[PDB]
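Asks: The following block contains the structure, expressed as structure tokens.
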Amino acid sequence: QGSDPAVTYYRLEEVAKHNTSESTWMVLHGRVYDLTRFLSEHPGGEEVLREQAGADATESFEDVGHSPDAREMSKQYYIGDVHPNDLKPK
Ligand code: HEM
Ligand SMILES: [Mg+2]
């Protein structure tokens, strides 16, 4: 019922738990990225990620205007999709 076996799903209330330097997950465009090993290598700094860790950071991501290389760089951190219950209705 909407459920691709190829896709692990994470509820947002779970993603919210990963908001620490020990484990930082973040949501971008309906997708969940584990950025823990990425923190120190993010050119915009750790702080800006930490401040939005455990949440949907899509808007902030897009407003900064990340580069194509930045988008390509994010893919290795993809660990699953946001549970459909927690996606916008429209
Ligand atoms: C939504 C949370 C995020 C925020 C708030 C954020 C914010 C920023 C800011 C403020 C800068 C500096 C502005 C500038 O370059 O002039 C920056 C640069 C950069 N960010 Fe992020 N970033 C986020 C997520 C990510 C992710 C997931 C990746 C990919 C793994 C990433 C990759 C980069 C790269 C490569 C740069 C260097 C410039 C470019 O290639 O765009 N960022 N980021
Ligand atoms: Mg490329």
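Asks: How many residues are closer than 20 Å to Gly80 by Cα, of a type outside the set (S, T, N, Q) and either in contact with a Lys or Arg (Cβ under 7 Å, 6 or more places away or on another chain) or near ligand 1 (Cβ under 6 Å from one of its atoms) (or both) when one looks only at the range 36-52?
Replies: Going through the range 36-52 one residue at a time, the tally reaches 2.
Asks: Filter the range 10-26 down to residues that are farther than 10 Å from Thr36 by Cα and in contact with a helix residue (DSSP H, G or I) (Cβ under 7 Å, 6 or more places away or on another chain) and give me whichever is surrounded by the most Cβ atoms within 10 Å (Cβ to Cβ).
Replies: Within the range 10-26, the first condition is being farther than 10 Å from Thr36 by Cα, and the residues that meet it are 10-17.
With the extra rule that they be in contact with a helix residue (DSSP H, G or I) (Cβ under 7 Å, 6 or more places away or on another chain), the set shrinks to 11-12.
On the way: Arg11: 13, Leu12: 16.
For the range 10-26, the residue satisfying everything is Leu12.
Asks: Residues in the range 53-74 that are in a helix (DSSP H, G or I), of a type outside the set (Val, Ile, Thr) and within 7 Å of ligand 1 (Cβ to nearest atom): how many? First the steps, then the outcome.
Replies: Taking the range 53-74 first, the residues in a helix (DSSP H, G or I) are 58-64, 68-74.
Subset that is of a type outside the set (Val, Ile, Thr): 59-63, 68-74.
Applying the additional criterion that residues be within 7 Å of ligand 1 (Cβ to nearest atom) yields 60-61, 69-70, 73-74.
Adding up the residues that qualify gives 6.
Asks: Need pairs with beta-carbon distance below 8 Å; first residue within 11 Å of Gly44 (Cβ to Cβ) and within the range 58-79, second among the aromatic types (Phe, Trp, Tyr) and part of a helix (DSSP H, G or I); sequence gap 6+ or separate chains.
Replies: Nothing qualifies.
Asks: Looking only at the range 37-47, decide whether some residue is of a type in the set (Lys, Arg) and within 16 Å of ligand 2 (Cβ to nearest atom). Even if it seems obvious, please write down each step before you answer.
Replies: Going residue by residue through the range 37-47, those that are of a type in the set (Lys, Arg) are 37.
Filter again for within 16 Å of ligand 2 (Cβ to nearest atom), leaving none.
No, the range 37-47 has no match at all.
Asks: Let me ask something else about it. Can you run down the residue pairs with Cβ atoms below 9 Å, 6 or more apart or on separate chains, where the first is in the range 21-41 and closer than 14 Å to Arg71 by Cα and among the basic types (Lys, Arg) and the partner is within 16 Å of ligand 2 (Cβ to nearest atom) and in a strand (DSSP E or B)?
Replies: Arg31/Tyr78
Bear in mind that the values in this text are calculations on the coordinates, not laboratory data. Using ideal geometry, Cβ is built from the backbone for each residue, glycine included, and neighbour counts are taken over all protein chains shown.
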